[PDB]
Structure formats: C-alpha cells, structure tokens
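Asks: I'd like to ask some things about the structure below.
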Amino acid sequence: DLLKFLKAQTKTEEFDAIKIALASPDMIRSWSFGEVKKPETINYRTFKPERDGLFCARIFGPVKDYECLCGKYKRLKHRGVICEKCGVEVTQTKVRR
Amino acid sequence: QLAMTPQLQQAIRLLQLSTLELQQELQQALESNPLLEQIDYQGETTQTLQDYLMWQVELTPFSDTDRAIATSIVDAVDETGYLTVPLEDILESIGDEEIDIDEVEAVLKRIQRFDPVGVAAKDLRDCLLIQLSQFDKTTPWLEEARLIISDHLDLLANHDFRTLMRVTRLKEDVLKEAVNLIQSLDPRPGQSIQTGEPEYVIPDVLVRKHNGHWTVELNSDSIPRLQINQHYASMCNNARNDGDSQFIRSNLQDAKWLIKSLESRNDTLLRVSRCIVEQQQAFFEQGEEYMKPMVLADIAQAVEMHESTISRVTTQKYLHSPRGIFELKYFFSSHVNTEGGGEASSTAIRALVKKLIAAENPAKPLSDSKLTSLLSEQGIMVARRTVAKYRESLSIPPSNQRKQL
Amino acid sequence: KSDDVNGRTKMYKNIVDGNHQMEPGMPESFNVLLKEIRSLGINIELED
Amino acid sequence: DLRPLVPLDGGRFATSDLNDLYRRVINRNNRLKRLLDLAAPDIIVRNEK
Amino acid sequence: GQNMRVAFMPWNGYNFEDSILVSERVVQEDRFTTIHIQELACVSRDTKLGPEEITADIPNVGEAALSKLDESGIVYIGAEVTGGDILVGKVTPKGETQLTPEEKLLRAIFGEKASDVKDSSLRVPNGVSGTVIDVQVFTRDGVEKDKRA
DNA sequence: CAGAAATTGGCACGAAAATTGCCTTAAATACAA
DNA sequence: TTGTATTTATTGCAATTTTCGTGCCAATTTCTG
Ligand SMILES: [Zn+2]
C-alpha cells in the first residue's frame with residue numbers, strides 16, 4: 001500500500017533522553033551499509049558515482065528518487081527492490097544523508 | 001616475427017587508454033610497489049520541475065487517496081513534462097484493489113492543468129489539446145486548429161499538406177494561419193523550469209598559433225607522471241640480506257620499467273599529434289570543408305611507426321584547437337573522387353551538403369539528385385546514394401518532409 | 001521557520017488553508033550533529 | 001550528502017577538506033594491505049603503519 | 001556636496017534624534033540625484049557536445065521577449081530593461097539523444113531547430129533596472145566575430 | 001483520373017581500411033674454468 | 001684463452017573483422033496529360 005508507505009516516512013521519533021558512550025567495532029559495523037575500498041569520488045567520464053568509492057551508490061543510496069543506477073528499475077512501483085545488476089536499492093535520494 | 005614477452009605487451013597496452021583510465025590504472029601499480037610515488041562550502045537547493053509540481057500538489061484540496069495517486073503521477077514525469085508510464089502502471093504502483101482507472105484519470109486531468117499547463121501529458125496530441133482548451137472561446141482559428149490536432153496529426157507530421165486540404169476541406173489561407181497557431185504552442189511544457197549544467201572534457205593536446213605557425217604541446221595539467229621513492233631506494237645497499245634487499249631490487253627494477261613505458265607513451269602521443277596537426281593546417285585556419293582525406297597509413301609514414309601503433313594511440317584522446325575540442329580520430333575520414341584526379345573528404349562533403357540544404361528554397365526543397373548535380377559542378381563526383389547516406393548521417397529529413405508554406 | 005524540513009511545508013499549507021497551527025518536529029541540523037559526532041567513534045543516540 | 005563536492009563554473013568538482021582527509025587514509029590503508037600481503041621487509045611496513 | 005539653506009529649530013518631531021527634514025524643492029531640483037552603473041557578463045564556453053552559441057532565435061521564447069535583441073542576439077544600446085528581460089541570447093547544445101517515434105513526431109511538426117538546444121540566455125536579475133549604455137564583446141582569437149563585434 | 005516520372009532507402013557487392021592476438025626471445029656483457 | 005649465466009632491447013606482423021562507396025529495385029510521392 002502506497003498510502004501507508006508515504007505516511008510512514010514523515011513520522012517523528014519520540015524520546016526523552018540522549019545517551020553517549022564508546023563505540024565498539026561491532027557497533028561501527030552495525031551502523032554501516034558497506035565498506036569503502038577505493039579513494040575515487042566521481043567518474044568524470046559519466047559523472048556518476050564510482051563503485052566502492054567515497055560517493056558510492058550501493059553503500060550510501062541512490063542519486064535519483066526511486067531510480068536504480070544502471071536503469072533497470074526506475075519507477076515508484078519497484079520501491080524497495082534491490083537491483084541484481086549493481087546492488088542499488090530504489091528509494092529516496094535523501095537517504096544519502 | 002617479434003618475440004612477445006608479457007612485459008612488452010603491457011607497455012603496448014598502455015597506449016590505447018584514455019587519461020582517466022590511465023590514471024586509474026597507475027594507482028593500482030602505485031599501491032602495489034613501495035618504491036613508486038606521485039610527484040604531487042555547503043551548497044544551495046534548486047527547484048526542479050517535480051519540486052514545483054509537488055508544491056502545487058500539497059496545496060490542492062485532494063484527499064488521502066488522491067494525493068497518493070498524484071504522488072505516483074508526478075513521480076513518473078521526465079524533464080520534458082511528458083508522462084513516461086501508462087496509467088496501468090500507476091494504478092499498479094498504488095497497490096490498492098478498490099481504486100479504478102477512472103479515479104486515476106480524474107486526478108491526471110487535474111494535474112495536467114498545473115503550472116506549466118500541458119504538463120504530465122501522455123503524448124503530443126494530448127499536450128496540444130490541453131493547451132488549446134485553456135484558450136478563450138472567442139479566438140480565431142481555434143476550432144480549425146483543434147480539428148486537425150484531434151484528427152489528422154500524421155498528415156502534418158509528414159508535411160502532407162495536400163491531403164489535409166482534402167480531408168479537412170480547407171483553403172490556403174486557413175491552412176497556414178491555423179498551422180502557425182499550432183506552432184505558437186509549446187511542444188515541451190516542462191522545460192520552463194529547467195535546471196542543470198553541461199559536461200566538459202579536459203583535453204590532452206593543445207594546439208595554438210604562434211608567429212604564423214601552429215604549435216602543439218601536451219596539456220601539462222592532465223599529463224601523468226611518476227617518480228621513484230628515494231627513501232626506500234636508499235635502503236638498497238644491504239640493510240639486511242635475502243628478502244630485505246631482494247624485494248627492493250626487484251621492485252626498483254619494475255618501477256624504472258613503468259616510468260620508461262609511461263614516457264614512451266607520452267612522446268609517441270606528442271609526435272602523432274604534431275604530425276596530425278601539420279598534415280591538416282588547412283582545417284584549423286578556415287574551419288571545416290577544407291579537411292584532407294588522410295588515413296592511418298599516411299600518418300604511419302612520416303613518424304615511421306606501424307599502422308597498429310597509430311591505431312592504438314589515437315583512441316579516446318582529445319585535442320583542443322581554437323575552433324573546439326575534437327576526438328583526434330575525427331581527422332581520419334574517407335574520400336571520393338574529384339575532377340582533376342584529386343580526392344575530396346567525406347567530412348567536407350557533409351559540410352557542403354549541410355550548407356546547401358540550409359540555404360534551399362523552403363517552398364521547394366532540394367532532393368538528392370538536385371544535390372548530386374549541384375555538387376557535380378565543382379568537380380566532386382558523388383553518387384546519389386552516397387549523398388543520401390551523408391544526409392541520413394546528418395539526421396536531415398528527405399526532401400518531401402522539408403517543404404512548408 | 002528555519003530547519004524542520006517536514007514542518008515548513010505543513011506550516012505553509014496550514015497558513016494557506018487559514019489554520020494557524022504547527023506540528024513542530026525536529027530540526028535537521030541536530031541529525032547532522034549526531035552523524036558527525038558518531039563518525040568520530042562515539043556512540044551517541046536518542047533513547048526511549 | 002553531509003560532505004558534498006563543490007560545483008563551480010567550468011565543470012570542476014573541487015575536492016573538499018573531508019574528502020581529501022578520507023582519500024589520504026584510504027590510500028595509506030590500501031598500501032599497507034598490499035605490503036602486508038607481499039611480506040615486505042619490516043622497515044617499510046613500520047613506516048607505512 | 002551642495003549648499004543648502006538650513007535652519008536650526010525643532011519641527012514637530014521630524015528632526016528628533018539626528019533625523020533630517022528635507023523640503024520638496026530639493027527633490028524637484030534634482031540636487032542629490034546620482035547615477036549608478038552596473039555591469040553583467042555572459043560567457044559562452046565550449047562543451048563536449050559542441051560549443052555554446054550566442055543567437056537571436058531562442059527556441060521556446062516568444063517574439064515579444066526577442067523584441068529588443070538585434071540580429072546577433074545582443075540587446076540594443078539605449079533599451080530600458082527591467083525585471084527578467086533578456087540581455088544576451090545564448091543557447092547551449094543538448095545532444096546524443098536516440099530518436100524515438102514520439103521524438104520524431106515532435107521534431108517534424110516544430111522543426112529541428114527547436115530540438116537539441118537548451119536556453120542559457122543572460123537575463124536581468126530580479127529587482128534590477130536601468131538603461132543599456134555600453135556593450136563590450138571579447139572574442140578569442142580563431143573564433144569568427146559576429147556583426148556586433 | 002491516372003499512368004508516368006521522381007524520390008527514397010533496404011540489401012548486396014568487392015575492396016579497402018581498421019582492429020586484435022600474439023615467438024611466450026637474440027645479442028651484448030661480465031664472470032668463471 | 002673460451003663457455004656460459006646474466007642483462008638488455010623489442011612500441012611490430014599477419015590474420016580477422018569491420019566499414020567504405022555505389023548499384024538494384026521495390027515502395028511511396030509527386031506531376032503533367
Ligand atoms: Zn541496477
């Protein structure tokens with residue numbers, strides 16, 4: 001259902017405290033969505049993110065809303081689908097934040 | 001033949017690589033060899049078309065389901081303002097069983113009258129009809145243009161003006177004013193809110209003019225260069241035996257080899273570019289249509305190399321002339337015969353054909369025969385089929401599809 | 001008026017609708033602070 | 001998106017401070033990984049560390 | 001400055017705490033009227049899909065917005081511009097798009113000139129007005145000068 | 001009205017041009033017997 | 001004295017694929033009697 005999907009991304013988390021502590025390596029690996037292996041940012045030939053780079057698109061998310069990187073899955077009817085050709089999920093481009 | 005060892009084949013393979021790929025490949029060899037080294041704001045949110053459409057969707061008294069449908073409809077709108085998916089894909093993206101296509105059409109007809117008008121239109125006919133409906137009823141030629149937009153648009157597409165007069169029962173006076181009114185419409189309504197920047201290419205070779213003669217040199221910004229790490233080279237002389245010295249020796253050897261192979265690529269590129277720009281000084285002085293028909297065997301006769309080397313070097317490397325940026329393979333072209341025993345390049349015949357077509361009588365366009373005969377008075381000797389091939393390479397419609405009133 | 005991304009649009013829509021009421025939400029520059037603090041190897045989090 | 005590249009006129013994506021500091025670390029880490037795989041002499045690996 | 005016939009006295013609080021009360025003849029005689037001159041620039045660069053060109057026929061705009069542009073696409077000297085008027089008509093090329101039947105239908109009816117070109121023309125900023133008094137054209141050596149230059 | 005002249009492009013020719021995978025060692029040199 | 005392990009020097013050939021211009025001819029437009 002699209003109505004619930006759209007309604008469930010504007011909600012505000014409720015809390016009453018802020019806790020600070022030390023970060024375990026397992027905690028850091030739990031935060032991450034992938035490992036950065038190469039120091040290149042932008043291709044400069046297609047002006048697209050380079051794989052396993054600082055500005056990568058499989059680790060950090062799509063560059064366009066509900067649009068995969070290679071271009072197989074491109075619309076909102078495919079939301080949540082992880083492409084099998086490049087591993088990019090199709091969601092909002094704000095998840096890069 | 002030549003005894004090909006897999007260390008010479010890597011030096012040969014280094015030629016057919018662009019500067020970006022060459023710098024990408026140099027990093028891998030840099031991080032696998034200790035003795036190698038290299039010598040060396042927040043932003044602003046712009047408003048696109050979809051953001052503008054959403055700003056109006058949120059301010060329109062929709063319902064909870066209508067707004068969800070409008071989100072899908074606005075999402076499937078490209079930068080030209082045309083709906084890129086059928087409504088059956090939007091009804092599927094909603095993911096609800098009770099919603100029918102009638103509601104989707106009702107929401108689409110409301111989204112289609114946003115700013116700009118005609119946005120999110122299925123095709124050109126719908127996009128023109130939407131704009132034609134917003135005009136005041138007391139408008140000249142409104143019904144006459146609407147009739148041919150709604151019924152006979154293929155005839156106007158093929159410039160079949162004769163058939164339009166018969167089917168629409170119209171004279172010359174109205175069939176020109178109505179068509180002018182149609183051309184007054186906006187074909188792409190979504191390009192009003194257009195945001196973006198073009199993409200640039202940093203050249204490899206720079207050619208300029210100095211003291212009346214052309215000078216050529218490699219672009220010093222993008223040229224790749226490596227260096228030997230002296231601190232590790234100072235450890236060669238028996239810091240410790242066996243590995244401690246053998247490793248440094250066997251890596252210094254390969255670093256020297258790689259640096260030599262990079263210099264042997266830069267020099268070859270520079271010499272090939274200098275020969276190329278020396279053989280076609282006519283092109284840079286007075287633009288196109290004066291370019292000579294040269295091939296690989298012509299270049300691999302003054303620099304004294306093999307044709308396969310010239311083939312590899314000129315791959316994906318750009319040259320910056322005062323005219324513009326070129327591929328450095330754009331200068332190798334075919335040829336056709338000429339009066340006087342000479343030859344004329346295809347890249348000049350294309351410019352001549354473009355110039356002749358861009359100056360014909362609009363009422364009576366020139367056909368391929370009328371271009372072949374016109375060219376065969378300067379002694380160009382081109383067959384009609386070759387002229388047709390050149391025109392279709394230039395993406396120019398045939399003569400019967402260029403006439404107009 | 002400054003930072004809550006999802007509250008700006010709601011406030012604008014309510015003002016245009018003749019209803020002067022806001023849903024406060026959370027500023028977007030404290031999430032940046034959390035992401036920059038926890039990229040130093042320090043586990044800071046909101047709880048409950 | 002919290003460390004974006006700066007687009008200035010001319011097609012130039014100048015690398016910011018944080019991206020430079022990340023690229024330096026990634027280069028050193030990759031070099032150290034390769035050297036540890038190659039079984040390099042301890043002097044070079046100590047300098048790399 | 002200017003010589004003003006001044007008087008020292010309180011006048012109903014309109015010169016309270018360093019304020020100044022000015023007559024209407026000072027405004028009628030244009031004694032403190034000044035002239036301010038502001039410059040704007042339009043640069044045509046070289047892209048990979050061909051170069052940008054300065055032209056007087058922008059595809060999407062109407063015939064009114066091009067009323068004060070000459071044959072070379074540059075505003076007339078002496079024209080009173082305001083708001084978002086077009087000063088220099090500049091077009092950047094978009095290309096390398098594969099043809100489709102809808103794209104062919106769009107290109108046939110409205111002509112090939114409208115397609116494959118964008119609009120990057122220079123326009124007056126918002127809230128800026130004045131009169132065009134000087135136009136300067138700098139052309140790189142090798143490029144062919146237009147009629148204005 | 002309608003047959004004929006004109007136009008257009010898919011498909012087919014030989015020849016030329018451009019690519020791509022390899023001979024995956026021979027000769028000069030310093031050292032040892 | 002010579003035989004040999006060591007170290008340079010070597011950025012081309014020759015098949016194989018692709019592209020070239022131009023003729024044949026069927027399908028679609030235009031034109032004059
Ligand atoms: Zn993909």
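Each chain in the structure tokens gets a letter, A, B, ..., in the order shown, and its residues are numbered from 1; ligands are numbered from 1 in order too.
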Give the residues close to ligand 1, within 8 Å, counting only C-alpha atoms (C1' of nucleotides) and all ligand atoms; write them as a list in words.
Replies: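 I would give the residues around ligand 1 as residues 68, 69, 70, 71, 72, 73, 82, 83, 84, 85, 86, 87 and 88 of chain A.
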Asks: Starting from chain E, keep only residues with some atom at most 10 Å from an atom of chain D, counting only C-alpha atoms, and report them as a PyMOL selection string.
Replies: chain E and resi 45-47
Asks: Tell me the residues of chain B close to chain A, meaning within 12 Å using only C-alpha atoms, as a ChimeraX atom specification.
Replies: /B:18-21,23-24,27-28,31,50-51,63-78,83-99,197-202,316
Asks: For the atom pair atom CA of residue E:65 and atom CA of residue B:140, what is the interatomic distance in Å to one decimal place?
Replies: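 So the two atoms, atom CA of residue E:65 and atom CA of residue B:140, lie 23.2 Å apart.
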Asks: For residue F:20, list every protein, DNA or RNA residue within 12 Å, evaluated using only C-alpha atoms (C1' of nucleotides), and leave out those in the same chain fewer than 5 positions away; present the list as a count of residues only.
Replies: 10
Asks: Quick check for you: according to DSSP on this backbone, which residues of chain A are classed as helix (DSSP H, G or I)? Reply as a ChimeraX atom specification.
Replies: /A:2-7,25-31,57-60,76-78,93-96
Asks: Which distance in Å separates atom CA of residue B:243 and atom CA of residue B:36, to one decimal?
Replies: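 Distance reported for this atom pair: 18.5 Å.
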Asks: Could you tell me how far atom CA of residue B:326 lies from atom CA of residue E:59, in Å and to one decimal?
Replies: 26.9 Å
Asks: Which of these residues is nearest to chain D, using only C-alpha atoms: A:80, A:61, A:25, A:34?
Replies: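 Once distances to chain D are computed over only C-alpha atoms, the minimum belongs to A:61.
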Asks: Select, from B:42, B:9, B:60, B:195, the residue with the minimum atom-to-atom distance to residue D:5, counting only C-alpha atoms.
Replies: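 With only C-alpha atoms as the atom set, the closest residue is B:42.
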Asks: So that each row is one residue of chain C with an atom at most 10 Å from chain D, can you give its shortest atom pair and the distance in Å to one decimal, using only C-alpha atoms, rows by chain and rising number, as CSV?
Replies:
residue,atom,partner,partner_atom,distance
C:32,CA,D:2,CA,7.4
C:35,CA,D:2,CA,8.9
C:36,CA,D:2,CA,8.8
Asks: Would you export the selected residues with C-alpha atoms as a PDB file, in the first residue's frame, please?
Replies:
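Generated file (result_20.pdb):
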ATOM      1  CA  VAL C  32      23.877  16.340  11.245  1.00  0.00           C
ATOM      2  CA  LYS C  35      26.087  11.911  12.423  1.00  0.00           C
ATOM      3  CA  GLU C  36      29.272  13.987  12.802  1.00  0.00           C
TER       4      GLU C  36
END
